[PDB]
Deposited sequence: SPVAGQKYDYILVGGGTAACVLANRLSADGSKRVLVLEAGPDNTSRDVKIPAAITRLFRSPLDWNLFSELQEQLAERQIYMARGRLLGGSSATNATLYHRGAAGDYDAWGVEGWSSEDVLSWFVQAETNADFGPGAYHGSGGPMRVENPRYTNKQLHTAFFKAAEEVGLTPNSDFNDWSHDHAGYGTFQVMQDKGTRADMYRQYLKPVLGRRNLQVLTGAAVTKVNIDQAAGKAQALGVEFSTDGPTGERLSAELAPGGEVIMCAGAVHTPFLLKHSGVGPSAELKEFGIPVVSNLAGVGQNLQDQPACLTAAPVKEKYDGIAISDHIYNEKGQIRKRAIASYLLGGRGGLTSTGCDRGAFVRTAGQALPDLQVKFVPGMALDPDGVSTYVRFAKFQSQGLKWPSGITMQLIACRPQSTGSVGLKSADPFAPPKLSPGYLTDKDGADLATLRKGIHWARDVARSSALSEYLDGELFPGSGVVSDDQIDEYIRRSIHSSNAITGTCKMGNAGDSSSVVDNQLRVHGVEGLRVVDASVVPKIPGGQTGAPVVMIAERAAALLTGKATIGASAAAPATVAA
């Protein structure tokens, strides 16, 4: 009905992080008709704009509310896996931390044309940074906004740095500078513009909505790619939920469908389109279009656990929870005034503004990320405690002052899968994160050694000054066996999720897309989102997705090629 009689050069499945970048770049010269189909609503919520309102976005109508299959290895629990559902996708609901990982993460992909030297200029092209000018590792002029965090905690932020130094960690002045080793303690930069969330709807899509050649439809749930050698024709979707008419957006000749539904929903939709392992498609009577073993395999997510400690009575009031709420759960006037005048103070924080990367055991690259939060978790599940914090408003109760360190296996060895639990394209996917399944027990060992490292930091004189014991995991949890059980019972997502449509070299049989991001076995179909990441980089995955989308757009528009290897000579 909104697509009746129209033909599109590009159809983007999803209106999230990658899709916003692509919609901007592919509509720029005016020559191409671009359609965006997003299942969620428009990006208008105040809870998206204010960073500290991330607490309110978990388990909300702006989230997919996805739960994993029962995980036998995690005390038989379903794990919540947050995912944004609106224009800007997870960039609209994330913690805003700006991380690229290390040069070695991209070299470890081993994919032709996607070395660290190849991807660096695409990170730089996306970027405008308030604290780093143009240089080898930073750009100025690109649509993203990055800045140093605008919340300062007078006592706890430098206490964390001093404690990390007391345990023998060195400072890292810029976690995105590839001329330094990745390990160390330091500030985490944020995807914010003077304390306002700088999501990719705000930075890339919203500014170009006036373009006549760009059509964005919200409340548009894609059901499958229409495929006719298999050739993408366009995409089926409903604007009225499960009961709605199935509409079809049609490609113009030479048009492509670009999958941008993310690492959960892209492999899910491909399987619904007949692209995936033939056994999984036959199970639900889906005709096999491209028998592609890797679709929904290689799910990589960074699992997390935490330690938390209360401050001494004399330091009551020094935590970010005290800067946001008063003793009755009322949002503090100082926080509101600082946010609106100046774009500073506790509402500019998603909780962590600094942390560390750490080698627990002599690895080539850090296996552990540490997020320092100058507030105390009341649950060993950090995501649960954020939901508690949002619900705490106006309850007439005092949130106890303290600190938290979240421990993340940032380069995990475990993998999971995404598949189908039914033939209905409106049903949730069959989601298995696979945390702690790697054969050596490396991910469990990382998080166990993480807890020991967080304990050493909390015991150090610089932080010890403020603290009065330990809440989580607490006094009862000391032996390796007690720590491992705490981790199995409390492990939660740090919200990465990559690799389910993995890019690979010619000859890599686990590949779903080639180095041109083309889906094997289908013409005119590409994936441009976190699905394609071959091996997860250390740190949060949003900046890498924008880099991939920026480079994909340049390839599609003819401004760049990927893979510059000299042809072997004629003999």
Quiz item: Which deposited-sequence positions, grouped into ranges, are missing C-alpha coordinates?
Solution: 229 to 232, 576 to 578
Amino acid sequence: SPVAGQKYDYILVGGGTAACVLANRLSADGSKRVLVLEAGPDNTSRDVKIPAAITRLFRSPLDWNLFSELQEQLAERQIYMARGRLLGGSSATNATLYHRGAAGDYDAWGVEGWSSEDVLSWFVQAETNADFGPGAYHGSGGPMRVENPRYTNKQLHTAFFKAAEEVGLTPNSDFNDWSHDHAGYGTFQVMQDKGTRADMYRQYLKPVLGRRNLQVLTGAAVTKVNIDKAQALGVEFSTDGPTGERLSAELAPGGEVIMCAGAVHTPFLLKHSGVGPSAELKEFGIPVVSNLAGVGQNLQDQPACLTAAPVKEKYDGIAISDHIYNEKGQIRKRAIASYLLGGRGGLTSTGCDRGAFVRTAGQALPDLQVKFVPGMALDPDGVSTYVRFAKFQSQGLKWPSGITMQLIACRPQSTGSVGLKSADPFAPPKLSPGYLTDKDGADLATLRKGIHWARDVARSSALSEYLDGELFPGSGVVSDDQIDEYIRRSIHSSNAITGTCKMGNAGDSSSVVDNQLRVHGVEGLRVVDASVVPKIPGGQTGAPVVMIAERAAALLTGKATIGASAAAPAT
From here on, numbers count along this sequence of modelled residues.
Practice problem: Mind pulling up the entry and telling me whether 402 to 410 or 428 to 436 has the higher mean Cα temperature factor? | Solution: 428 to 436
Quiz item: Is the mean CA B factor in the deposited entry higher across 276 to 284 or across 343 to 351?
Solution: 276 to 284
Quiz item: Which one of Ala377, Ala361, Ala337, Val387 shows the top CA temperature factor in the record?
Solution: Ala361
Quiz item: Out of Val532, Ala506, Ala543, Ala52, which shows the largest CA B-factor listed in the entry?
Solution: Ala506
Exercise. Rank-wise, by C-alpha B-factor, drop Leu12 into the lowest, middle or highest third of its chain.
Key: middle
Practice problem: Can you work out whether the C-alpha temperature factor of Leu26 puts it in the lowest, middle or highest third of the chain? | Solution: middle
Self-check item: Where the record places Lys162 (Cα B-factor, split into thirds across the chain)
Solution: lowest
Quiz item: Among the chain's modelled residues, which third holds the C-alpha B-factor of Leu247?
Solution: highest
Self-check item: CA B-factor placement of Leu57, once the chain's modelled residues are sorted into thirds
Solution: lowest
